[PDB]
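Participant: model the following, please.
(2 chains)
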Amino acid sequence: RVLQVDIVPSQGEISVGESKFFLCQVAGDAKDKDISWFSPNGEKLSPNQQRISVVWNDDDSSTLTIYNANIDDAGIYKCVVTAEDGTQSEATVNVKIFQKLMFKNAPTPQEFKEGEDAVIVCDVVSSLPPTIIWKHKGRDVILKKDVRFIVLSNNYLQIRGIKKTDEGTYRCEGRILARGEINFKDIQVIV
Amino acid sequence: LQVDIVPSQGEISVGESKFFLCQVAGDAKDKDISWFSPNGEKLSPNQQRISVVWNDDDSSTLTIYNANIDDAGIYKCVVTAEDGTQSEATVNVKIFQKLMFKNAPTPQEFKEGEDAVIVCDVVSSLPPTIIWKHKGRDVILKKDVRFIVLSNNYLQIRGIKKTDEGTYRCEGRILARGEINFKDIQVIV
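Facilitator: Numbering: from 1, shown residues only, chains lettered A, B, ... in the order given. Next up is the structure itself:
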């Protein structure tokens, strides 16, 4: 039997905060061997830790479990098996981390300096580029036809010289065109 | 006439939202665009949970917010043109429940000598396999007939002893997808 190693699933994509495991399966002799996992940085992973878990199942398999995934867990992980005579073989598995459209920081209420230049904060995270739309009472602010309203490149909404009749509920809406994903956060703007 | 829906098919996670754009190869032509739910109901423009929004002469958008299992099914976009003839497109909407725990009370207390039932309610669109652990070790390794995993995944410990106290893990896995989730439950005797 020519020493061989495989990982199942052969690849994976874990959503932020969720968990997945990968089995390193060996096909070699019928003896004892060493199966070691290495993280993307090329460093060996210690077994039995609670979040980035490496558990020994039997002589021919070790399981890697990435619990409560975060974007920094992304990368090519490697499993290397060393038979008793020193012979080695390895397999790699590319792990991607996916961040669905979410609002990292969209405070409410958001109070403002009357007559001052307001900037409504809306920090969005998403692996896929989102298209942002700001609404007031469910209507795209761009339709107000007011030069004072400008959507900034960081998705924040600027309202120059804000007035009281500008107060109300502003929704920061994110969509992923052609894929159908949408999420929003309603923000109470107070003047 | 031609009718198209994008995304062509969609899977919405329970509690999340997804939108579907119905587009007609529009032109200088009058025509009506309407959305119908899986049960055949005509969905009218609204800004409610099952939203329908008129975009322009050639398109209307259906948005399903805070999706629940009863929203599953084939939705239909029909385009009736000038006389009363029609064309359609359909989109199959799946509601996806990821491997999660509806209930996993902690701690859970039982009286020594009593038959204890440790509560763990797991939900998942895809049927998972359950493993119960005590101190991080699979309970079957005890080879103790007092430990029985019930049909609903609850862990029963007959005549629970003080020595059975500790951290139990109700772990669910979906091998086919390499998915896993768990909840630790403190058992007090």
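Participant: which residues touch the closest residue to residue A:105 other than its chain neighbours?
Facilitator: Once flanking residues are discounted, residue A:105 sits nearest to residue A:123: 3.9 Å by CB to CB, 6 or more residues apart in numbering or on different chains. Bear in mind the C-beta positions are built from the backbone N, C-alpha and C, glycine included. Counting by CB atoms under 8 Å, 6 or more residues apart in numbering or on different chains, residue A:123 touches A:103-106, A:154-155.
Participant: check contacts around residue A:158.
Facilitator: A:117-120, A:149-152.
Participant: before we move on, the earlier item: out of the contacts of residue A:123, who's nearest chain B?
Facilitator: Checking those against chain B with CB to the nearest CB, the nearest one is residue A:103 at 13.4 Å.
Participant: around chain B, pick out the residues from chain A.
Facilitator: With CB under 8 Å from any CB of the partner chain as the criterion, chain A comes near chain B at residues A:8-9, A:12, A:18-23, A:65, A:67, A:138, A:175, A:178-183.
Participant: can you rerun that using 7 Å?
Facilitator: Residues of chain A lying close to chain B (CB under 7 Å from any CB of the partner chain) are A:9, A:12, A:19-22, A:65, A:138, A:175, A:178-183.
Participant: out of these, who's the most crowded?
Facilitator: Neighbour counts for those (other CB atoms under 10 Å in any protein chain shown) peak at residue A:180, which has 26 neighbours.
Participant: what's the separation between it and residue A:43?
Facilitator: 40 Å (CB to CB, to the nearest Å).
Participant: quick one: the residue nearest the centre of chain A from residue A:127, how far?
Facilitator: Residue closest to the mean C-alpha point of chain A, counted by CA atoms, centre = their mean, is residue A:99 at 2.9 Å. According to CB to CB, residue A:99 stands 5 Å off from residue A:127.
Participant: what do you get for residue A:4?
Facilitator: According to CB to CB, residue A:4 and residue A:127 sit 34 Å apart.
Participant: neighbour count winner among the two?
Facilitator: residue A:127 (16 against 13).
Participant: correct me if wrong: that one contacts residue A:96.
Facilitator: No - when contacts are counted by CB atoms under 7 Å, residue A:127 is not listed as touching residue A:96 (8.6 Å).
Participant: how's chain A carved up into domains?
Facilitator: A:3-98, A:99-191 (curated CATH domains).
Participant: next, the most far-flung residue of chain A relative to its centre: secondary structure please.
Facilitator: No residue in chain A sits farther from the centre than residue A:85, which is 41.8 Å out by CA atoms, centre = their mean. Under DSSP: H, G, I helix; E, B strand; the rest coil, residue A:85 falls in the coil class.
Participant: farthest pair within the residues of chain A next to chain B?
Facilitator: A:22 and A:138 (44.9 Å; CB to CB).
Participant: can you list contacts of stretch A:165-182?
Facilitator: Applying CB atoms under 7 Å, 6 or more residues apart in numbering or on different chains, the contact partners of stretch A:165-182 are A:100-101, A:106, A:120, A:122, A:124, A:126, A:128, A:130-137, A:155, A:157, A:159, A:183-191, B:6-7, B:10, B:17-20, B:63.
Participant: buried among these? Make that a ChimeraX selection.
Facilitator: Buried residues within these, by 16 or more other CB atoms under 10 Å in any protein chain shown, are selected in ChimeraX with:
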select /A:100,101,106,120,122,124,126,130,132,133,134,135,136,155,157,159,183,184,185,187,189,191 /B:6,7,10,17,18,19,20,63
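Participant: secondary structure added to the contacts of residue A:123, as TSV?
Facilitator: Below are these laid out as TSV (three-state DSSP):
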residue	secondary structure
A:103	strand
A:104	strand
A:105	strand
A:106	coil
A:154	coil
A:155	coil
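Participant: these two touch, right, the residue nearest to the centre of chain A and residue A:72?
Facilitator: No - Residue A:99 is beyond contact range of residue A:72, at 11.7 Å (criterion: CB under 7 Å).
Participant: please give me every residue in contact with residue A:97.
Facilitator: By CB under 7 Å, 6+ apart, the neighbours of residue A:97 are A:14, A:16, A:69-71, A:73-74.
Participant: show me which of those residues is closest to chain B.
Facilitator: Distance to chain B across these (CB to the nearest CB) is lowest for residue A:14, with 8.9 Å.
Participant: and the closest one, what does it touch?
Facilitator: If you count contacts by CB under 7 Å, 6+ apart, residue A:14 has them with A:20, A:66, A:69, A:95, A:97.
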